[PDB]
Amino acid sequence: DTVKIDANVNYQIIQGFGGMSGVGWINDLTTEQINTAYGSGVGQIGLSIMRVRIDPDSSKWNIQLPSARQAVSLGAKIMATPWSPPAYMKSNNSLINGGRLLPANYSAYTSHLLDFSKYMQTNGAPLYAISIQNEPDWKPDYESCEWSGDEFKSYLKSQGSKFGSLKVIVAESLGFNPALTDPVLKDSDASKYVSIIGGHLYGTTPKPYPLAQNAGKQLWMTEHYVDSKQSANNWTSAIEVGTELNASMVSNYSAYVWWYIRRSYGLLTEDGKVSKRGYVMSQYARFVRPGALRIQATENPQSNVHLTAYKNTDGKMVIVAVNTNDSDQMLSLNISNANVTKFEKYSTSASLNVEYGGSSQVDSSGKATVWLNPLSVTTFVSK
């Protein structure tokens, strides 16, 4: 069916696509694995964001450096997340089972975070962004710390000026609950220090967040994975990564960051090879490069077809489509306010890994016909 695209109607900036560097909790990534994940060529994922954890014990920060430094050299932006303050700062004097940061210690906590950022910078892995807390709404039996929306507002008002050019992220709610960040967004003296409203997708689905969007904050989805008991090469499961990416982009998210990059259910399997989940990610990340603008495009042109479109700073128009029908699906493209002459097709499916599948001419009226393979994530790139 018909897909209308208008290159002159723009939505969010895309910062990029990322994953978690897990060293300290799991084995570090290798040099080759970082090249596979952070290159953007054939067979590479195209990640441009790396997340790292801030250990409450500063004697363990060194272990983060080899992977973060290599990612920065490959053009990636590093964001850092703390799971807990040092225990002594907290109401429970424990790293685990939640506990609150004592207000008496807000200045000491800011010094902890900034010490981490200084260590990273001095050692050749400067941070792009830093978060104040992982999942303030979750109190599990591992590193954690409970915060309310009103605590984030107080903290940012008294501490936010110390962060400088670091892009500050709040609140990394487990389910992207606006209650955690609305008090900050409604006060200009807290909100001015914030660059990114970050959130996770556990137990939920992507949704727009207008107050954040209208305040000029980028929305970042800073952590998720799907069914961790599946192999990352199971296609029935991997295609739903595609569904979640499309929904994230439709929800105006500027970034999407997976959990552990290498894992049985990750973007690279333990053999270092790109997984079906990784290839799906790459249908977006190899082609929709940092600084791209999402544009207007018929999102659901026919049952079980979902799509988004973009323009990259170099002019490549890109369309990314998820086909959850078990049949070939035709699209009739009608593009306005562009100068596209042809699209190249690349698909991932049960049998294909970002494989080139043909070219379609785009006529002077902006019309083309393209086809989507059964059960596929397909990218069309203007060239």
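Start at 1 with the first residue shown and count on from there.
Subject >> Higher-B stretch (mean Cα B-factor, as the entry records it), 343-351 or 328-336 >> reply: Taking the mean C-alpha B-factor of 343-351 and of 328-336, the larger value falls to 328-336.
**OP:** Determine, for stretches 370-378 and 357-365, which one has the higher mean CA B-factor as deposited.
**Re:** According to the entry, 357-365 carries the higher average C-alpha B-factor.
Original post:
Whose C-alpha has the highest temperature factor in the PDB entry: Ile295, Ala212, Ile132, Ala80?
Top reply: Among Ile295, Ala212, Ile132, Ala80, the PDB entry lists the largest C-alpha B-factor for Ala212.
Original post:
Looking at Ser254, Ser282, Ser148, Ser158, which has the highest Cα B-factor in the entry?
Top reply: Of the options given, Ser158 has the highest CA B-factor in the PDB entry.
Subject >> Cα B factor band for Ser173 (lowest, middle or highest third within the chain) >> reply: Lowest third.
Original post:
Hey, what third does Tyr119 fall into on Cα B-factor, ranked over its chain?
Top reply: Answer is highest: the recorded C-alpha B-factor places it there.
Original post:
Against its chain's modelled residues, does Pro290's Cα B factor rank lowest, middle or highest third?
Top reply: Lowest third, going by the recorded CA B-factors of the chain.
Subject >> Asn92 CA temperature factor, ranked by third within the chain >> reply: Its C-alpha B-factor belongs to the highest third of this chain's values.
Subject >> Position of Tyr310 among the chain's modelled residues by C-alpha B-factor, lowest, middle or highest third >> reply: Middle third.
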